[PDB]
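What follows is each chain in one-letter form.
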Amino acid sequence: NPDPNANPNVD
Amino acid sequence: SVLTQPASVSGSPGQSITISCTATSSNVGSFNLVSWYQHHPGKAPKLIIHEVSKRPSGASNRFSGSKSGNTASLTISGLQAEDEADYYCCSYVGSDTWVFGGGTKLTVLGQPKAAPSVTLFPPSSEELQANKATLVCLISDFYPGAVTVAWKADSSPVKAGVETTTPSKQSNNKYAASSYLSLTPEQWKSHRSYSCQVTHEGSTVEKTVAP
Amino acid sequence: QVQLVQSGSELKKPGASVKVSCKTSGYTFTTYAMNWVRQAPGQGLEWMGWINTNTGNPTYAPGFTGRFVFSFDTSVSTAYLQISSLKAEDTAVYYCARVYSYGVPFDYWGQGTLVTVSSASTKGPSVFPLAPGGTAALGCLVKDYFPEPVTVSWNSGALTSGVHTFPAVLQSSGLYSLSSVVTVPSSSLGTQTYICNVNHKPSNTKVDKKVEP
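For every chain, the first residue of the written sequence is numbered 1, i.e. counting runs from 1 onward, and this need not coincide with the entry's numbering; residues without coordinates are not included. All chains are assigned letters beginning with A, and all ligands numbers beginning with 1, in the order in which they are written. As a rule here, side-chain values come from all non-hydrogen atoms in the structure, and water together with hydrogens is ignored. Residues with missing side-chain atoms are left out of burial classes, side-chain pairs and their counts.

### Some remarks on the overall build of chain C
Of regular secondary structure, chain C possesses 0 helices and 19 strands. Along the first, second and third principal axes, the C-alpha atoms of chain C reach 75 × 35 × 30 Å. Labels follow the DSSP assignment, with helices taken as runs of H or I lasting at least four residues and strands as runs of E lasting at least two, numbered in each case from the N terminus.

### A look at the domain arrangement of chain C
Residues and elements named next belong to chain C. Domain start and stop positions are those given by an automatic or database domain assignment. Domain boundaries in chain C define domain 1 (2-119) and domain 2 (120-213). Domain 1 and domain 2 are separated by 38 Å when their C-alpha centres are compared. In this assembly, 4 residues from domain 1 lie in contact with 5 residues from domain 2. When two parts are brought into contact, each loses some accessible area as probed by a 1.4 Å sphere; the total of that loss over both is the buried area. Here domain 1 packs against domain 2, burying approximately 330 Å² in sum over the two surfaces, 48% of which is carbon and sulfur. When the area that domain 1 buries against domain 2 is broken down by residue, the three leading residues are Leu 11, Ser 118 and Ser 119, summing to 78%. Counted as salt bridges are all cases of a side-chain nitrogen of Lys or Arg within 4 Å of a carboxyl oxygen of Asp or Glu. Scanning the region where domain 1 abuts domain 2 turns up 0 salt bridges. Polar contact is defined as a pair of N or O atoms within 3.5 Å, subject to the rule that within protein one atom must be able to donate a hydrogen and the other to accept it, and that residues adjacent in sequence are counted only when both atoms are side-chain atoms. Put simply, domain 1 and domain 2 have 1 residue pair in polar contact between them. Contact criterion: two residues are considered in contact whenever any of their non-hydrogen atoms come within 4.5 Å of each other.

### A word on the interface of chain C and chain B
The partner chain B presents 37 residues to the 40 residues of chain C that form the contact. Approximately 3,200 Å² of surface area, both sides summed, lies buried where chain C meets chain B, with 69% of it carried by carbon and sulfur atoms. Linking chain C with chain B are 1 salt bridge. Linking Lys 143 of chain C and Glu 127 of chain B is a salt bridge whose minimum nitrogen-to-oxygen distance equals 2.4 Å. Residue assignment for the side of chain C that touches chain B shows that the elements contributing at least two residues are strand 4 (33-39), strand 5 (45-51), strand 10 (105-109), strand 12 (126-130), strand 13 (135-145) and strand 17 (176-185) of chain C. Sort the elements by how many residues they give to the side of chain C that touches chain B and strand 13 of chain C lands first, with 5 residues. When residues are sorted by character, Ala, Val, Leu, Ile, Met, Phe, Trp, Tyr, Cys and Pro go into the nonpolar class, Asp, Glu, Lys and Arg into the charged class, and all the rest, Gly among them, into the polar class. When its residues are assigned to classes, the side of chain C that touches chain B shows 23 nonpolar, 14 polar and 3 charged.

### Overview of the state of the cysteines
All names here are of chain B. The disulfide criterion used throughout: a pair of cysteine sulfur atoms within 2.5 Å. Throughout the structure, instances matching the rule amount to 4 disulfides over all chains. With a sulfur-sulfur separation of 2.0 Å, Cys 21 is cross-linked through a disulfide to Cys 89. On the sign convention where negative is left-handed, the bridge of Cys 21 and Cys 89, at about 80° about the S-S bond, is right-handed. You can see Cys 21 sitting in strand 3 (residues 17-23) and its partner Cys 89 sitting in strand 8 (residues 85-92), a full 68 residues away along the chain. Paired through a disulfide, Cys 137 and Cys 196 show a sulfur-sulfur distance of 2.0 Å. Torsion about the S-S bond of the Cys 137 and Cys 196 cystine: about -90°, corresponding to left-handed handedness. Of the two residues, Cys 137 is situated in strand 12 (residues 133-142) and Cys 196 in strand 18 (residues 194-200); the sequence distance between them amounts to 59 residues. Each member of the pair, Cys 137 as well as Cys 196, carries the same accessibility label: buried. Across chain C, the way the bonded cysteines pair up, counted in sequence order, is 1-2, 3-4. Sequence-ordered numbering of the bonded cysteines in chain B gives a pairing of 1-2, 3-4. Of all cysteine sulfurs, the one in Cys 89 lies closest to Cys 90, which takes part in no disulfide; the gap is 7.8 Å. Remark: exposure states derive from per-residue accessible area (1.4 Å probe, protein chains only) relative to the maximum for the residue type, with buried under 20%, exposed over 50%, and partly exposed in between.

### Regarding the interface of chain B and chain A
Many structure descriptions define interface size as the accessible area lost when the parts assemble. On the side of chain A, 4 residues touch chain B, which itself brings 8 residues to the contact. When the area that chain B buries against chain A is broken down by residue, the three leading residues are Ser 30, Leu 33 and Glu 51 of chain B, summing to 59%. Across the chain B-chain A interface, the total number found is 0 salt bridges. Inspection of the chain B/chain A interface yields 1 residue pair in polar contact.

Okay, structure coming up:
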């Protein structure tokens, strides 16, 4: 259940 | 599939249609990361709902989205002709993975029903000289675009050597399809007749040909 | 604005290889992940995976491990999909799609790249005549050709009205067949000559087949 604003394209 | 959708839904112009989407596993978790897409043929899918209900700009306000339990639902109000398309739901399933539903074919019943016109040709003379045999069943002018074709030798059914197309939209917006039965020249002349049966909306049009 | 432009259709034999490209523009390529979606004939959309455009780490869904490779070339803001040891069941339209966030996945899509995997070879058609209330129907059978397309006409394009050329069949053998029929007065069959003009560009073959009662 991640945050909808979070970007999955993390470093 | 991880997300179950109805294979097809039909509505008439002006009505509102609803398309369901049930999570088959708990991998969806909260089930708050649901998204819907409109997919027209030959073109790329288009996002129309995300996060269960959020409608983005550029998608018409006739599309809405709800959720109850583990069932996400897509409603299309004031149904229009250009709404006819494939519709998919999508969900995050943990560990940076997404999954789609099987898709739903939405039909906009915007035309009076039409039974198919069938035309059956026997094998040509030339083709029999070449030691092949092909029957051509041409199906046209039927709405909606869905038929089942069955072949028969005399009265017994036949499924071997059968190749049938998917219905295709004609110029006049009615549908067309074709089916071919491949035989040996001996098989062709062995029986008294062969028949092509086109079933459309529970009614059958059948053409027969004999050597 | 944002744009995903993919490469053109591909035709391949089993065992061969293919590499589809997805050029981006309108946004910083490394800020957003790139995802891949497949649609096989008569099937739905199936998520294949994504690649992190910052770390390069690829994620392959079950069913696309072992033979698929996601990659990107930041020098030209392009993502790539390569398939090794192509199988017939790879035949599908492959899309690339951007993910903006967990809440907004697949907000921009490429136009799709058709990849066809067939063991059949180029072959010209075998045209056969389909001999004929008041009106009678006759046509031609365009049989066993590869690849698509065929074009049919009638009497060098002088018999447009009353004509219907049907979409093609894909035989289990991998070759295509179609037919076009024309509805014409039966009073005409006496010396009014009907010819179907078949053109199969791939095989550089044209056939004008006389259809006589």
